[PDB]
Ligand SMILES: [Zn+2]
Ligand SMILES: [Zn+2]
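Residue numbers (the deposited numbering), protein chains in the order written: chain T, 305 to 382; chain Z, 27 to 411; chain U, 1 to 141; chain S, 181 to 314, 356 to 407; chain W, 142 to 383.
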C-alpha cells in the first residue's frame, strides 16, 4: 500500500514525469512506472486528477528524507 | 599416528593399524602386570586386611611415594565397609527400601506392575543369548596348552550380518558377533561361519522326491572373501574356490559407480594384526558367490584374566539375532521342508510344504506323482540360523 | 542405549553434592554414599544379564564423568563413584570399566598429579582399582 | 541414445528404433491434426510424443519415470513448455478415450491412459472425427466467453472548437513547482 | 550408515549390481534356489478387489474386442464402398454389432467373470495391470483356487468336519483331490488337507515317542548354551509340532 501512496504523492508533486519518478525510486524502472499507471488509472482517475490539482512542493532534500524514513519504517514493520 | 578417535559420535571411529594399536597398548601396559592373565589380589573389608597388608603396603608406598604408615592409613580409610551398603548375605531379588536412589524408584515402578497373577513371571528381560554364552565361556581356561591365549592378545569383536535382512527396519540389524584374536588368520573366521547358505540345495524333483541332491552348496562351492580397506581377501585353498573379487573389480572400475580402485590378495596372506580397519564402519564379507554379509568391527580390546581364555571356543560367538522359521502354508504351524511352483493344489505360488504334507498331498502310497506341479527341496534359513 | 533410566540423575546429584562440599576427602564421599545408600543400586530383581549390562553401562558413564574437562574435585568424586560402582557390584565375574587408549595415559598422568598434589586418597583408590584390574583396555569407553 | 545399451543407461530402457519412429510419427500426426502444433513450437510436442511412446512401450517400469529422469537418461535438455504440451496432449488423449467401448467403462485417468495408446491410434480416424463433432482451440479462450469483441460506445464527437479549457491550467506548473523542479535535479 | 545394506556395493548412477558371476550362473543352472525367494507378502483385501477388477476388465475386453473390431471394419468398408445396397448391408451389420456391444456392456459382472476354468490374459494381467508386482502363475493360482466365487469359502460345518475325518481314513489320509471330490461340498484338496492337519491327532501330538526324545535331546545338547535352547527351530527335524 505505502508504495502506491508514495507513487501518488510523487504524481502530485511532479506530475506524470515517469522518468524522474523512476530515477528517485530505489529500484523501479520506467516500464514498471507505466504498468503501475495503467493498472491504477481505472480506479484512481479521481486521485490522479487530485494529484494534478495538488501542486505540492517538490523539494529535493525533504522528499529524499521522507522517502528514506518511510521506506525504512515500512521495511521494519512489514 | 594410530590414535583412535571418533568419526561420528558413538557410531564409528578413525582407521588404524590393528598391529600398531596392539603394540601401543602393550607399550602402555608391559612390565606393570595389569595386562596379565594371572589372578591378582582383590579388595576386602578392613576386618580381614591383615593377610594382604604385608604384600600391599610396600608396593603402595613405592608407587604413591608415601610412607608405609601413610599406606596403612589409606588402606584403612578406603576399606569396603565404607561402601558396602549391602551385606554379602543379601539377595539381589528384592529392592532395598532404605534407599534414596531415583534409579531404584524407577525399578520399583517397573516391578510393582509385574506382581499380579497375570504379570508375575521370571521370563526373559530383553534378551538371553549374551549372559548364557558369557557364563558358558567367561573365566574358563583351555584343556590343551596349544589352545591358550597369549599374553596381551587383541580381542576383536566382529559382527556378521545375516543374508536374510528385514528390509523394513533400519535401527537394529540382523547380526551375529564373534570374538577373534589378533594372531588368527581370516581362514579360521571363514571356516567358523555356520551360515545356512552353505546348506543351500535345489533342483526340480516333483517326479522323484527321494532323488534330492546328495551335495550341499558347501560341497559344490567354497568361494569366500573378506573386504577391508579396499582389499579383497579371497580363499583359494581348494579347486572349488574362485576369485569372485576379480569380476567385481572388472565391473566397478569400468565406470564411475561410486567406488575407488581395489586390490586382490589371498585369504591366508593377512592376520587380523595386518588389517588397517575402522571400528563401527560397515565392511563386506561374501561366500557362495552371492551370499553377502555386512562386517562391523564393534569393539577391539586386549585380553583380560576374566575373559574366555579357551581357544577351542574361538571364534567365540558373543551375540546372535533371531529369525523366524518358515512355517508351511498347509497347516501353518509346522516348519516347511519343501517348496513348490506351478502347483495345481496350492492356493499360492510359491507355496511351502512340510516333509509330511508334501508327500501325502502330491503323491499316493506307491509314490506316483499327483496333479501338475514343480517341486524343490527347501532348507529354512530361519531354522538353521 | 546411552544410559540407564535414572542412573544419570542419581550420579549427577551425588557428584554435585560432593563438589558442593568443597572437600576432596574420601570420608565425605563415603558419608554421602552411606547416607543416600547408593550401593543398593545393584539389588532389585536384576537377573545376571541385566546386572552385567547395567554394571557395564554404569561404569562407562562414571568413566565419562571421570574424564576431563571436569576439574580436580569433580574428577576425584567421579573416581570415587567408579570405585564404589566397581566394588559394590554383585557380578560373577566382576564387570570392568571400559577404558580407551586415548584415556589410559591421561588417567595415569592424573594419578601422577594426584600423587604430586599430596592428595593420596584418590591415587590409592585408583591403585586399588588397578589391583582389582577394573579397567578393560578398549579403544572407546 | 536410448537405442544403444551403453553402461550409463540401463538396458531395460533400450528399444528398437524403427517401431520407436512409427509410434512417435503417429503421435505427432495426431497432435498435428488435433490442432496442437499450429502457432506453437513443435519441439515440446515431439518431446511429449516420444515420452508417451517410451512409457506406453513398457508400462511396467517406465510409467514410474518422470520427464526429468527421461531427459537425464537422454542427455537432452527439456523445454519448459514441454510439460504443458504433454498435459494438453494427455487431455486430448482422454477426449479420444471417451468413445471406445472398453476404455470409457474402465474409467481411465491421466497416468493409466498411457497403456492404451496402441489401440487408440489403431482406429484413430473414426474416433477423432466423432470427437471433432463434439474441435480444439487455445484453452485461454475456451473458458466460455459470453461476450466476444464487445462493440465500444461511439465517442467520435470532437465538440465544436474547445470542449474544455481548465485542463490547460491543470497541465501547467505554478512558479513554486517550477522552482522546485529546478532544484529537484540540480 | 544404512547405505551399506545388501548389496553392499551398488551403482551410484543407475543402482544396478554386478553381472552374474560364474558361480552364480552355475548355481542357477543346477537350480539351486536363493533365500530371497521365500519372501512372500500377504494378500490384502485391496489386492483382492483390484484382482477382481482386473479379471472382470480382462473378460470385458475379451468379449468386446471381436464385436467392436467388426463394427469398426464394417464402418470402414461402408465409408469406402459406394454401392448403395452394399452400403446398406454394411450399415445393417454395423447396427447389429452396435447392439451386441450394448448387450455386452449391459451384462453383469458375474457373467463377465465366467467359470473357474475359463481362459484369461494372465501374463498381460500380471505385467500391465499389476506392473509385474506378482507373477502371472501366482495370480492365476490365487484366483482360480481361492478368489474365484465358485470356490467354497464358507466355514466348515461340524457334519462336514466329521465326514472329512471319517472318509480320510478310508483313503489312508492320501490322494486328497479324490477325498475332496468325494466329500461332495466342492472343497479343494488343499482346503481339506489344511482342515485335517489343523485337527489331526497324528500330527499335533500330545504324547511322545522314543526317537523324538532321543533326537530332541541330541539337538538340545548340541546347540544349547546355558539356559537358552532352540525351542521352535528343532521342530524342523522332528515331525508333528509347532
Ligand atoms: Zn551367508
Ligand atoms: Zn504336515
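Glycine is no exception: its CB is placed at the ideal position from the N, C-alpha and C atoms.
Residue from the options whose Cα sits closest to the Cα of residue i
i: residue 331 (chain W); options: Z:329, Z:194, Z:372 and Z:323; result: Z:372
i: residue 275 (chain W); options: W:369, W:184, W:309 and W:162; result: W:184
i: residue 407 (chain Z); options: Z:381, Z:384, Z:353 and Z:367; result: Z:353
i: residue 306 (chain S); options: W:213, W:176, W:192 and W:195; result: W:213
i: residue 294 (chain Z); options: Z:259, Z:264, Z:314 and Z:266; result: Z:259
i: residue 249 (chain W); options: W:197, W:280, W:223 and W:287; result: W:197
i: residue 117 (chain U); options: Z:192, Z:390, Z:91 and Z:141; result: Z:91
i: residue 37 (chain U); options: Z:402, Z:110 and Z:338; result: Z:110
i: residue 204 (chain W); options: W:247, W:222 and W:376; result: W:247
i: residue 371 (chain W); options: Z:376, Z:350, Z:375 and Z:27; result: Z:350
i: residue 255 (chain W); options: W:266, W:273, W:270 and W:284; result: W:284
i: residue 241 (chain S); options: W:271, W:175, W:278 and W:301; result: W:271
Segment limits, beta strand (DSSP E) that includes residue i
i: residue 202 (chain Z); result: 201–207
i: residue 328 (chain Z); result: 317–328
i: residue 265 (chain S); result: Run containing residue 265 (chain S): none in the beta strand (DSSP E); it sits in the alpha helix (DSSP H), 261–277.
i: residue 357 (chain Z); result: First-last for residue 357 (chain Z): undefined, no H or E at that position.
i: residue 260 (chain Z); result: 257–260
i: residue 185 (chain Z); result: 180–187
i: residue 322 (chain T); result: Looking at the DSSP string, residue 322 (chain T) is not in any beta strand (DSSP E); the run it does join, the alpha helix (DSSP H), is 322–328.
i: residue 187 (chain S); result: No beta strand (DSSP E) holds residue 187 (chain S); DSSP gives it neither H nor E.
i: residue 402 (chain Z); result: 400–403
Neighbouring residues, chain S, relative to residue i (Cβ below 7 Å)
i: residue 357 (chain T); result: 391
Chain U residues whose Cβ lies nearer than 9 Å to that of residue i
i: residue 110 (chain Z); result: 39, 87 and 88
Listed by chain order, chain Z residues near residue i by CB distance under 8 Å
i: residue 398 (chain W); result: What is shown of chain W runs 142 to 383, which leaves residue 398 (chain W) out entirely.
i: residue 127 (chain U); result: 86, 89 and 90
N-terminal and C-terminal residue of the alpha helix (DSSP H) that residue i is part of
i: residue 364 (chain Z); result: Note, residue 364 (chain Z): premise wrong, no alpha helix (DSSP H); beta strand (DSSP E) at 364–367.
i: residue 86 (chain U); result: 72–88
i: residue 284 (chain S); result: 281–286
i: residue 435 (chain Z); result: Any question about residue 435 (chain Z) goes unanswered here, given that chain Z covers just 27 to 411.
i: residue 341 (chain W); result: Segment: none, residue 341 (chain W) is in no alpha helix (DSSP H) and carries neither H nor E.
i: residue 40 (chain U); result: Per DSSP, residue 40 (chain U) belongs to no alpha helix (DSSP H) and is neither H nor E.
i: residue 251 (chain S); result: 247–254
i: residue 107 (chain U); result: 101–116
i: residue 273 (chain Z); result: 270–278
i: residue 304 (chain S); result: 304–312
i: residue 297 (chain Z); result: Where residue 297 (chain Z) is concerned, there is no enclosing alpha helix (DSSP H), given that its DSSP letter is neither H nor E.
Beta-carbon neighbours of residue i, restricted to chain W and to distances below 9 Å
i: residue 285 (chain S); result: 198, 201, 205 and 246
i: residue 391 (chain Z); result: 313, 315 and 316
i: residue 196 (chain Z); result: 142, 143 and 146
Listed by chain order, chain S residues near residue i by CB distance under 8 Å
i: residue 324 (chain T); result: 405 and 406
Amino acids of chain W, ordered along the chain, whose beta-carbon sits closer than 7 Å to that of residue i
i: residue 281 (chain S); result: 205, 209, 242 and 246
Per-residue contacts from residue i into chain W (C-beta, under 8 Å)
i: residue 162 (chain Z); result: 366 and 367
Interface residues of chain Z facing residue i [CB-CB closer than 7 Å]
i: residue 373 (chain W); result: 351
Name the residues in the stretch 263–284 of chain Z whose C-beta lies less than 8 Å from a C-beta of chain W; which are they?
-> For chain W, the residues of the stretch 263–284 of chain Z that bring a beta carbon within less than 8 Å of one of its beta carbons are 268, 270, 273, 274, 277, 278, 281, 282, 283 and 284, in chain order.
The stretch 231–247 of chain S: which residues have C-beta closer than 9 Å to a C-beta of chain W, in chain order?
-> Result list: 239, 240, 241, 243 and 244.
Anything in the stretch 385–401 of chain S with a Cβ closer than 8 Å to a Cβ of chain T? List those residues in chain order, please.
-> Cβ contacts with chain T come from 391, 392, 394, 395, 397, 398 and 401.
Within 7 Å of chain S by C-beta, residues of the stretch 336–366 of chain T in sequence order = Hits within the stretch, in order: 356, 357, 359, 361, 362, 363 and 364.
Are there three or more Cβ pairs, one per stretch, closer than 8 Å when the stretch 81–88 of chain Z is compared with the stretch 202–217 of chain Z?
-> Result no; under three Cβ-Cβ pairs closer than 8 Å.
With a cut-off of 8 Å, do at least 3 Cβ pairs link the stretch 303–320 of chain Z to the stretch 144–152 of chain W?
-> In the pairwise beta carbon analysis, the stretch 303–320 of chain Z is classified as touching the stretch 144–152 of chain W: at least three pairs are separated by under 8 Å.
Which residues, in chain order, does the stretch 146–163 of chain W contribute to contact with chain S at a C-beta distance below 8 Å?
-> Legend: CB atoms of the stretch 146–163 of chain W lying less than 8 Å from CB atoms of chain S belong to residues 154, 155 and 157.
Below 8 Å between beta carbons is the criterion; list the residues of the stretch 265–291 of chain W that meet it against any residue of chain S, in chain order.
-> Taking 8 Å as the Cβ-Cβ cut-off against chain S, the residues of the stretch 265–291 of chain W that qualify are 268, 269, 272 and 273.
With 7 Å as the C-beta to C-beta threshold (strictly closer), list the residues of the stretch 207–220 of chain W near chain S in chain order.
-> Hits within the stretch, in order: 209, 213 and 216.
May I ask you to list, following chain order, the residues of the stretch 395–407 of chain Z that have a beta carbon less than 8 Å from some beta carbon of chain W?
-> Cβ contacts with chain W: 396, 397, 402, 404, 406 and 407.
Determine contact between the stretch 221–236 of chain W and the stretch 315–324 of chain W, defined as no fewer than three beta-carbon pairs at a distance below 8 Å.
-> Not touching, per the Cβ criterion.
Do three or more CB pairs link the stretch 64–84 of chain U to the stretch 13–32 of chain U at distances below 8 Å?
-> Result yes; three or more Cβ-Cβ pairs closer than 8 Å.
Below 8 Å, can you find three or more Cβ-Cβ pairs linking the stretch 282–289 of chain Z to the stretch 214–223 of chain Z?
-> They do not touch, by the three-pair rule.
Note down, in chain order, all residues in the stretch 232–245 of chain Z with a beta-carbon under 9 Å from any beta-carbon belonging to chain W.
-> Of all residues in the stretch 232–245 of chain Z, 239 and 243 have a Cβ within less than 9 Å of some Cβ in chain W.
The stretch 195–203 of chain S in contact with the stretch 135–143 of chain Z per 3-pair CB rule at 8 Å = Judged by Cβ distances under 8 Å, the stretch 195–203 of chain S makes no contact with the stretch 135–143 of chain Z, as fewer than three pairs qualify.
Contact set between the stretch 371–388 of chain Z and chain W, restricted to residues whose Cβ is under 8 Å from the partner | Correct list: 371, 372, 373, 374, 375, 376, 378, 380, 381, 382, 383, 386 and 387.
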